[PDB]
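Heads up, the thing below is written out as structure tokens.
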Amino acid sequence: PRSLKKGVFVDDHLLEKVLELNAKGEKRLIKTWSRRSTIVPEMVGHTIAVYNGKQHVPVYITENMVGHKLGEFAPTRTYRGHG
Amino acid sequence: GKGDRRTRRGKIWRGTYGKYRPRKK
Amino acid sequence: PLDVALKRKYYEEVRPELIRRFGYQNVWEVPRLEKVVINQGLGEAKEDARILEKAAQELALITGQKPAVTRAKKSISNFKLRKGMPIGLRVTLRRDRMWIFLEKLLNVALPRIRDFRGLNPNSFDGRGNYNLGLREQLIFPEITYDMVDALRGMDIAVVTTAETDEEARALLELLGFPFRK
Amino acid sequence: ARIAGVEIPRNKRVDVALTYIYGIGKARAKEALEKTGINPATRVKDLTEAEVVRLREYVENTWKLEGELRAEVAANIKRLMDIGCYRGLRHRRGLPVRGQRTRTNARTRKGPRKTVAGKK
Amino acid sequence: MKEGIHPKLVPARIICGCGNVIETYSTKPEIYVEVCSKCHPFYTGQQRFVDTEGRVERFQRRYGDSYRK
RNA sequence: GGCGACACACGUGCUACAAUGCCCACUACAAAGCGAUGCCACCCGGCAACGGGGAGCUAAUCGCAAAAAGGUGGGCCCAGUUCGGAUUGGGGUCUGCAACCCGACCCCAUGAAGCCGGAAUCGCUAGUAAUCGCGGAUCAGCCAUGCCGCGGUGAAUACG
RNA sequence: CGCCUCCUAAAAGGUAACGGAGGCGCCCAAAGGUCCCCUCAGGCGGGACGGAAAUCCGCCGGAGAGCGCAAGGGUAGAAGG
Ligand SMILES: [Mg+2]
Ligand SMILES: [Mg+2]
Ligand SMILES: [Mg+2]
Ligand SMILES: [Mg+2]
Ligand SMILES: [Mg+2]
Ligand SMILES: [Mg+2]
Ligand SMILES: [Mg+2]
Ligand SMILES: [Mg+2]
Ligand SMILES: [Zn+2]
């Protein structure tokens, strides 16, 4: 994966808004175009929308999802069955 | 075992080193 | 008469503790452990009576008394079973032969259930009795794995003179049954 | 011997008979015999029972296996389930996960070739 | 009971993996076994048997908090 | 985000179904090419990928680089069995701002289907068939089992 | 087209119509004699392969089970097992 000699979540786009909303409360929906976000455990309890190529999917967050990226919760393909 | 990652010639076929084919004389 | 451990363990550990917890005022108001029943139901013996004699030998080896057959009372279309066709093997356990079997079970056979996460304490009928089933017979130490043939297992019915379920719960727990909490 | 719960090995050379245990392979069995101090090239017909007991109190304690490695893997699959995770939904629909070609044969994961009426 | 058909119950002493000598009368005079009422982990204390893990380290994977403040 | 989607089908290839076989330890034998934004000798740490130092090399003098099959010794005892690795979980390495829908590797444990393949069909007349490994192109890294070259052992048959 | 069961049949017996409905022309050496023992079907919970019932465990259940076969009478204080 990402090498453990270095860190994680190299996106200062989203970190500033989620830390400001952490310090403020008021768990407002943020729309992000970034699937490369490996979710920081401080993001627990926020409504995040990931743009998968056509639409945003609103992703509620609980404690279990940490090492997963946000596109691991954002499906980009619809199949609905062979027939 | 040319595809098995835990034998000799599987490591020789892909050219990767490790426990099962180390380079040391 | 015999120095079986769980009988004396009952009389000196579980018998006064059940008087203490619930407030019994007569010595026969305590729950009493009588008529342990095993029916070892071999529905796979519709076509063969030769597996039934080996299962009878194994049951007589693990409890010390030889079981009887159960004849079918009622024929069905789906499951062959016409009039007779012996597909069951029932044995009841009394009088220091239930106690040695409970020693075997609680001390050897139940830890040899795979991962053995506990028992089901919700498996009470309502009037003081309990039932459980076993999958393989190799859990008992008398079964040898080189005199075995098939994957033949067990259903155990244990009876108590308790009135309610909570009385038999405390009798089974304190005498050594490993229920889930 | 009677070592890995009730699923047992017997019959000729423990150094590959430990490999049949779900959770004990070859190199892990080599570690188990190196710390215990037992012969690899000996057989399980002819060994001391103290070697058996020391092997037991090694292997059923220092790693998890028997009847709870399957429980850990199944709880990890359910951990991937129920939440909207991608790989959990791939495990849900019976579909392979680690970046596979499913246009052609993924019949390891999918099952038999469910041959369809094939129009045009 | 019935004579000649039912088996005879002999003194049976069961030896365990920890060396526990179990005292019963049964249908084989000396018994080998690998568990008892003490070595099974559900019976006695459970003593953080193999786990020492509340979960996998989901909320504990931090391994050094390295980001900009 | 997609070209990697999958209830199916076809073509070309890789790995096997084992004992003329597999694994482990040691020991040899080439050819053709590549590299001072790179190839890395040699130490230290890790079971390992690799990392930290740092010698050399504008290169028939340095390095890639061990060539493999071969040979010696030991183990396996023919059973889906240390044959065979699909697939799956956990923990890590290097690259790249970024490896999840899309990578390549290392370790642990899972270890499947396959015990020689229906109708049919393909390549080969002498180092050729078969088998075995190496190098280059692209390329930050790589799904490379593809392509192009290189060499080791070495059949059988051709009445017409 | 002969025989058996219920109704038509008007509370004894009997009672007709090309009236309403069903069977019988067999079987059992155990499905007979005696002696001794046992009591059902279902419903509510419980229990490896067991699902609405393959076998068991506890409680309720006076006869709705069964008594070879159509139906009626009868029957567990047995004619049933
Ligand atoms: Mg295993
Ligand atoms: Mg007598
Ligand atoms: Mg394409
Ligand atoms: Mg009249
Ligand atoms: Mg009259
Ligand atoms: Mg007629
Ligand atoms: Mg029931
Ligand atoms: Mg009748
Ligand atoms: Zn013990």
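Naming works like this for the structure tokens: A, B, ... for the chains as they're shown, residue 1 at the start of each chain, ligands 1 onward in shown order.
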So which residues are near ligand 6, meaning at most 10 Å away with only C-alpha atoms (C1' of nucleotides) and all ligand atoms counted, given back as a list in words?
residues 22, 23 and 24 of chain G
Please report as number ranges by chain which residues of chain B come no farther than 12 Å from chain D, using only C-alpha atoms.
B: 6-7, 19-20
Taking N, CA and C atoms for each residue, export the selection above as a PDB file, in the first residue's frame.
```pdb
ATOM      1  N   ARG B   6       6.332 -19.851  -2.909  1.00  0.00           N
ATOM      2  CA  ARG B   6       7.021 -20.404  -1.749  1.00  0.00           C
ATOM      3  C   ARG B   6       7.914 -21.588  -2.113  1.00  0.00           C
ATOM      4  N   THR B   7       8.334 -21.694  -3.374  1.00  0.00           N
ATOM      5  CA  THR B   7       9.321 -22.677  -3.811  1.00  0.00           C
ATOM      6  C   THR B   7      10.430 -21.962  -4.579  1.00  0.00           C
ATOM      7  N   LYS B  19      12.980 -15.755   0.942  1.00  0.00           N
ATOM      8  CA  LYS B  19      13.397 -16.882   1.771  1.00  0.00           C
ATOM      9  C   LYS B  19      13.687 -18.115   0.927  1.00  0.00           C
ATOM     10  N   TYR B  20      12.896 -18.334  -0.120  1.00  0.00           N
ATOM     11  CA  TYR B  20      12.910 -19.600  -0.836  1.00  0.00           C
ATOM     12  C   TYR B  20      13.888 -19.612  -2.001  1.00  0.00           C
TER      13      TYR B  20
END
```
Pick out the residues no farther than 9 Å from ligand 8, counting only C-alpha atoms (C1' of nucleotides) and all ligand atoms, and list them as a list in words.
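Result of the 9 Å neighbour search around ligand 8: residues 67, 69, 70, 71 and 72 of chain G.
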Can you write out the residues you just picked, keeping C-alpha atoms (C1' of nucleotides), as a PDB file, in the first residue's frame?
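Produced file out-v3.pdb, reproduced below:
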```
ATOM      1  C1'   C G  67     -60.162 -51.460  16.238  1.00  0.00           C
ATOM      2  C1'   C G  69     -61.076 -53.108   4.420  1.00  0.00           C
ATOM      3  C1'   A G  70     -67.756 -48.960   2.843  1.00  0.00           C
ATOM      4  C1'   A G  71     -70.792 -47.057   6.761  1.00  0.00           C
ATOM      5  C1'   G G  72     -73.389 -47.509  11.376  1.00  0.00           C
TER       6        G G  72
END
```
Residues near region 34-45 of chain G, anyone? I mean within 9 Å using only C-alpha atoms (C1' of nucleotides), not counting same-chain ones fewer than 4 positions away, as a list in words.
residues 124, 125 and 126 of chain C; 58, 59, 60, 61, 63, 64, 65, 66, 76, 80 and 81 of chain G
All residues 12 Å or closer to residue 15 (chain B), only C-alpha atoms (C1' of nucleotides), same chain fewer than 2 positions away omitted, as a list in words
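The neighbour list is residues 2, 3, 5, 8, 9, 10, 11, 12, 13, 17, 18, 20, 21, 22 and 23 of chain B; 66, 67, 105, 133 and 134 of chain F.
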Exercise: residue 23 (chain D) partners within 12 Å, only C-alpha atoms (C1' of nucleotides), chain neighbours under 2 positions left out, as a PyMOL selection string
(chain D and resi 4+18-21+25-29+59-60+62-70+72-73) or (chain F and resi 108-111)
Can you work out which residues are within 10 Å of ligand 4, considering only C-alpha atoms (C1' of nucleotides) and all ligand atoms, and then hand them over as a VMD selection string?
chain G and resid 9 to 15
Any residue with an atom at most 12 Å from ligand 2 counts, using only C-alpha atoms (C1' of nucleotides) and all ligand atoms. Which are they? Put them as a count of residues only.
4
Atomic distance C1' of residue 93 (chain F) - CA of residue 75 (chain D), expressed in Å with one decimal:
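Between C1' of residue 93 (chain F) and CA of residue 75 (chain D) the gap works out to 28.2 Å.
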Show me which bits of chain G are within 7 Å of chain C, counting only C-alpha atoms (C1' of nucleotides), as a PyMOL selection string.
chain G and resi 45-48+54-58
Members of region 57-128 of chain C assigned alpha helix (DSSP H) by DSSP, as a PyMOL selection string
chain C and resi 57-63+97-104
Produce a file of the selected residues containing N, CA and C atoms, as a CSV table (one decimal), in the first residue's frame.
```csv
chain,number,residue,atom,x,y,z
C,57,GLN,N,-23.5,-50.8,20.5
C,57,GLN,CA,-22.2,-51.1,21.2
C,57,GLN,C,-21.5,-49.9,21.7
C,58,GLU,N,-21.5,-48.8,20.9
C,58,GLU,CA,-20.9,-47.6,21.3
C,58,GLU,C,-21.6,-46.9,22.4
C,59,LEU,N,-22.9,-46.9,22.4
C,59,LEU,CA,-23.7,-46.3,23.4
C,59,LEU,C,-23.6,-47.1,24.7
C,60,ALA,N,-23.5,-48.4,24.6
C,60,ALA,CA,-23.3,-49.2,25.8
C,60,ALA,C,-21.9,-49.1,26.3
C,61,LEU,N,-21.0,-48.7,25.5
C,61,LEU,CA,-19.6,-48.4,25.9
C,61,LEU,C,-19.5,-47.1,26.7
C,62,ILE,N,-20.3,-46.1,26.2
C,62,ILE,CA,-20.1,-44.8,26.9
C,62,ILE,C,-21.0,-44.6,28.1
C,63,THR,N,-22.1,-45.3,28.3
C,63,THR,CA,-23.0,-45.1,29.4
C,63,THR,C,-23.1,-46.4,30.3
C,97,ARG,N,-25.4,-44.3,37.0
C,97,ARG,CA,-25.0,-44.4,35.6
C,97,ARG,C,-25.3,-43.1,34.9
C,98,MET,N,-26.2,-42.3,35.4
C,98,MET,CA,-26.3,-40.9,34.8
C,98,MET,C,-25.1,-40.1,35.3
C,99,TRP,N,-24.6,-40.4,36.5
C,99,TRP,CA,-23.6,-39.5,37.1
C,99,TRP,C,-22.2,-39.7,36.5
C,100,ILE,N,-21.9,-40.9,36.3
C,100,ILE,CA,-20.6,-41.2,35.6
C,100,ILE,C,-20.6,-40.7,34.2
C,101,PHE,N,-21.7,-40.7,33.5
C,101,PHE,CA,-21.9,-40.2,32.2
C,101,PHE,C,-21.8,-38.6,32.2
C,102,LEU,N,-22.3,-38.0,33.3
C,102,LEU,CA,-22.2,-36.6,33.4
C,102,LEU,C,-20.8,-36.1,33.7
C,103,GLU,N,-20.1,-37.0,34.5
C,103,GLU,CA,-18.6,-36.7,34.7
C,103,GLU,C,-17.9,-36.8,33.4
C,104,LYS,N,-18.1,-37.8,32.6
C,104,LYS,CA,-17.5,-38.0,31.2
C,104,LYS,C,-17.8,-36.8,30.4
```
Residue among E:22, E:6, E:45, E:35 lying closest to residue 57 (chain D), counting only C-alpha atoms
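With only C-alpha atoms as the atom set, the closest residue is E:35.
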Residues of chain F within 7 Å of chain A, counting only C-alpha atoms (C1' of nucleotides), what are they? List them as a VMD selection string.
chain F and resid 1 7 98 to 101
Taking only C-alpha atoms (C1' of nucleotides) and all ligand atoms and a cut-off of 8 Å, can you tell me which residues surround ligand 9, written as a count of residues only?
12
Taking only C-alpha atoms (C1' of nucleotides) and all ligand atoms and a cut-off of 12 Å, can you tell me which residues surround ligand 3, written as a list in words?
residues 101 and 103 of chain D; 2, 3, 4 and 5 of chain F
Let me see the file: selected residues, N, CA, C and O atoms (P, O5', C5', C4', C3', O3' and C1' of nucleotides), as a PDB file, in the first residue's frame.
```
ATOM      1  N   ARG D 101      -9.815 -10.151 -13.581  1.00  0.00           N
ATOM      2  CA  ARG D 101     -10.516 -10.185 -14.862  1.00  0.00           C
ATOM      3  C   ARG D 101     -11.722 -11.111 -14.744  1.00  0.00           C
ATOM      4  O   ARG D 101     -11.569 -12.331 -14.620  1.00  0.00           O
ATOM      5  N   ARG D 103     -14.384 -10.688 -17.094  1.00  0.00           N
ATOM      6  CA  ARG D 103     -14.850 -10.901 -18.464  1.00  0.00           C
ATOM      7  C   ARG D 103     -14.672 -12.353 -18.882  1.00  0.00           C
ATOM      8  O   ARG D 103     -15.623 -13.011 -19.319  1.00  0.00           O
TER       9      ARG D 103
ATOM     10  P     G F   2     -13.371   3.005 -12.606  1.00  0.00           P
ATOM     11  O5'   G F   2     -13.821   3.122 -14.135  1.00  0.00           O
ATOM     12  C5'   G F   2     -15.059   2.590 -14.593  1.00  0.00           C
ATOM     13  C4'   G F   2     -15.141   2.603 -16.101  1.00  0.00           C
ATOM     14  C3'   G F   2     -14.030   1.857 -16.831  1.00  0.00           C
ATOM     15  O3'   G F   2     -14.331   0.481 -16.987  1.00  0.00           O
ATOM     16  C1'   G F   2     -14.289   4.027 -17.760  1.00  0.00           C
ATOM     17  P     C F   3     -13.168  -0.627 -16.989  1.00  0.00           P
ATOM     18  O5'   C F   3     -12.499  -0.490 -18.425  1.00  0.00           O
ATOM     19  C5'   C F   3     -13.216  -0.844 -19.595  1.00  0.00           C
ATOM     20  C4'   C F   3     -12.446  -0.477 -20.836  1.00  0.00           C
ATOM     21  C3'   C F   3     -11.042  -1.055 -20.925  1.00  0.00           C
ATOM     22  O3'   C F   3     -11.053  -2.374 -21.444  1.00  0.00           O
ATOM     23  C1'   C F   3     -11.013   1.262 -21.479  1.00  0.00           C
ATOM     24  P     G F   4      -9.999  -3.474 -20.934  1.00  0.00           P
ATOM     25  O5'   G F   4     -10.229  -3.549 -19.358  1.00  0.00           O
ATOM     26  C5'   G F   4     -11.409  -4.130 -18.810  1.00  0.00           C
ATOM     27  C4'   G F   4     -11.108  -4.977 -17.597  1.00  0.00           C
ATOM     28  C3'   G F   4     -12.070  -4.801 -16.432  1.00  0.00           C
ATOM     29  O3'   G F   4     -12.120  -6.012 -15.683  1.00  0.00           O
ATOM     30  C1'   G F   4      -9.910  -4.107 -15.771  1.00  0.00           C
ATOM     31  P     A F   5     -13.285  -7.084 -15.938  1.00  0.00           P
ATOM     32  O5'   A F   5     -14.619  -6.299 -15.577  1.00  0.00           O
ATOM     33  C5'   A F   5     -14.943  -5.998 -14.230  1.00  0.00           C
ATOM     34  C4'   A F   5     -16.052  -4.985 -14.168  1.00  0.00           C
ATOM     35  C3'   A F   5     -17.470  -5.540 -14.194  1.00  0.00           C
ATOM     36  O3'   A F   5     -17.932  -5.852 -12.890  1.00  0.00           O
ATOM     37  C1'   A F   5     -17.245  -3.726 -15.736  1.00  0.00           C
TER      38        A F   5
END
```
Taking the DSSP assignment computed from this structure's backbone, write out as a PyMOL selection string all residues of chain E that belong to strand (DSSP E).
chain E and resi 10-15+21-26+30-32
